[PDB]
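Quick heads-up: it's one chain on its own, the form deposited in one PDB entry, in structure tokens.
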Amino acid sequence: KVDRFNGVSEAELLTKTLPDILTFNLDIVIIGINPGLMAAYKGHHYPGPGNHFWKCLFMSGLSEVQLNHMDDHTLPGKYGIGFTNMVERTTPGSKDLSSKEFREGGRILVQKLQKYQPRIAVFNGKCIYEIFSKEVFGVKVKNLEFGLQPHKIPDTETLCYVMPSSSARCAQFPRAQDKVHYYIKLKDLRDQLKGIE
């Protein structure tokens, strides 16, 4: 047997959850799919050694230095970035989640975005915006695209911005370099919004 969790069983991790890191007046909220086994283990956001999130945040210039999962609580105050996930339940990957779990997650998520009202709701994963869009805007497009979406969160000025998941599981964007374009465009969108203020 291969022990990847310092003697903590996978069964124990599957019952753990990952806390939200949300405040008012945030520029960005990063919305993941659900916690993976490493996030459940660490209790911090994107600790996976191969996950591209922290590398892309630095490569794009959203952080001035390369940060890691232990810095996630400093992001609202220092960078104006918060975190949540569409689904609370921990699983090894996105493929283990049911349709009902996603739609329950969607209803909870739209309520959270209506409370905190960040300038930008960032969907870290195309799959969660496909569900969100059909559930909240009642819109299903044949070719959903990444980047800025044409619908604001209902009863708010919060924009929806979609990126490919920072998980290294997706072969279509094999490296952090292949996803950094979306983080740079996210940065440009943030700077443009703050410019109008």
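For every residue, the number given is its place in the sequence shown, counted from 1. Superpose the two forms; the largest set of C-alphas matching within 1.5 Å is the rigid core.
Stretches 122-130 and 96-104 differ in mean C-alpha B factor, with the higher average recorded for 96-104.
Checked against the record, the higher mean CA B factor of 151-159 and 51-59 lies with 151-159. Based on the entry's C-alpha B-factors, the most elevated value among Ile33, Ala39, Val29, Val139 belongs to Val139. Sorting the modelled residues of the chain by their CA temperature factor places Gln117 in the highest third. Among the modelled residues of its chain, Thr84 has a C-alpha B-factor that falls in the lowest third according to the deposited record. Per-chain ranking of the deposited C-alpha B factor places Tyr182 in the lowest third.
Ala11 sits in the highest third of its chain by CA B factor, as recorded in the PDB entry. Ranked within its chain, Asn143 lands in the highest third, by CA B factor from the PDB record.
If you look for the form deposited in another entry, you will not find it shown, but the lines that follow are about it.
Once both forms are fitted on their rigid core, the CA atom of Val139 lies 2 Å or more apart between this form and the one not shown. Once the rigid core is used as the reference frame, the Cα position of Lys95 differs between this form and the one not shown by 2 Å or more. Three angstroms is the minimum change: in that other deposited form, the CA atoms of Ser60 and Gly93 sit farther apart than in this structure, by 3 Å or more. If you compare C-alpha positions, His69 and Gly93 are 3 angstroms or more farther apart in that other deposited form than in the form on display.
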